[PDB]
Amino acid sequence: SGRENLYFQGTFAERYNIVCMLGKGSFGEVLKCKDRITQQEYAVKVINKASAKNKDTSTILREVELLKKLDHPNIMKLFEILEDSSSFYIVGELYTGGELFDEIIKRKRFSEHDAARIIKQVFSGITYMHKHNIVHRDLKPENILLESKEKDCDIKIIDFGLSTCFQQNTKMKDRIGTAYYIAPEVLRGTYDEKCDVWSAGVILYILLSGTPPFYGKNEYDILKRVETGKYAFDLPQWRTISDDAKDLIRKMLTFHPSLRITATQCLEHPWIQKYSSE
């Protein structure tokens, strides 16, 4: 506050009013804001500039400008990236349905029909972004948002492409929770687009069984399992799950990424086709 500081807060404070805090997201705090002129509401992520991975701010702006030009119904739309001396402000579509993990906590397990509806949308988004050589790396249920509270609303993947630009919060809200979804080759420091197929496979495993494939009491124990890549469908929870579902998951959780299916192949898989409309 104060005239000088408000002036130096730059174009974001001029253009937008903060209505309320919405919660801590990866990389930064998310707030609901309003465009002062139009009164339309948006979500804004406020990211400390100390959290930039790239020391050249112009590269961050370029990256985000490329992401603004993209358009797919299962990818969050971005409208603006603004700055002041301390922070980046990324403004985009506001959602009100909460995240996919909230929905996992609520429902516990999803029928094959319901899981296929959700995961097909994830696959569609991933396929689209991969066609533009964008990798998520951090795909997890917390980065899959429900557009609204309406029944069967569209899901929206958030933060897709921002991991090249920003490092995680110093204080993260659920660090152990991130280990479940990370691809083994990402842990090794050598990733390409296939890591998003792995993460989506972990999500699908959880939707169907209610349990993670790589588990443990702490981050270390979970990551030790991920690193070996060994998992099973031995739980009674898998007893009556279709062979087709298990086949898709096996292909997605293939250890070597060169041998792992593509996102496009996931969409074509018989299990997804069984539940698609026409």
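In case it trips you up, residue 1 is the first one in the sequence shown, and so on.
Residue stretch of maximal mean CA temperature factor, 170-178 vs 196-204: 170-178 has the higher mean C-alpha B-factor.
Segment of higher mean CA temperature factor, 42-50 or 227-235: Here the higher of the two C-alpha B-factor means belongs to 227-235.
Identity of residue with top Cα B-factor, from 134, 153, 76, 82: Of 134, 153, 76, 82, 153 has the highest C-alpha B-factor.
Of the residues 159, 185, 102, 112, the one carrying the largest Cα B-factor as recorded: Answer for 159, 185, 102, 112: 102, with the highest C-alpha B-factor.
Chain-wide C-alpha B factor ranking for residue 219, given as lowest, middle or highest third: Answer is middle: the recorded C-alpha B-factor places it there.
Residue 128, C-alpha B-factor rank within chain (lowest, middle or highest third): For residue 128, the deposited C-alpha B-factor lands in the lowest third.
Modelled-residue ranking by C-alpha temperature factor, third containing residue 120: Top third by C-alpha B-factor.
Ranked against its chain, the third holding the CA B-factor of residue 10: Residue 10: CA B-factor falls in the highest third of its chain.
Chain thirds of CA B-factor: placement of residue 25: It belongs to the lowest third of the chain when residues are ordered by C-alpha B-factor.
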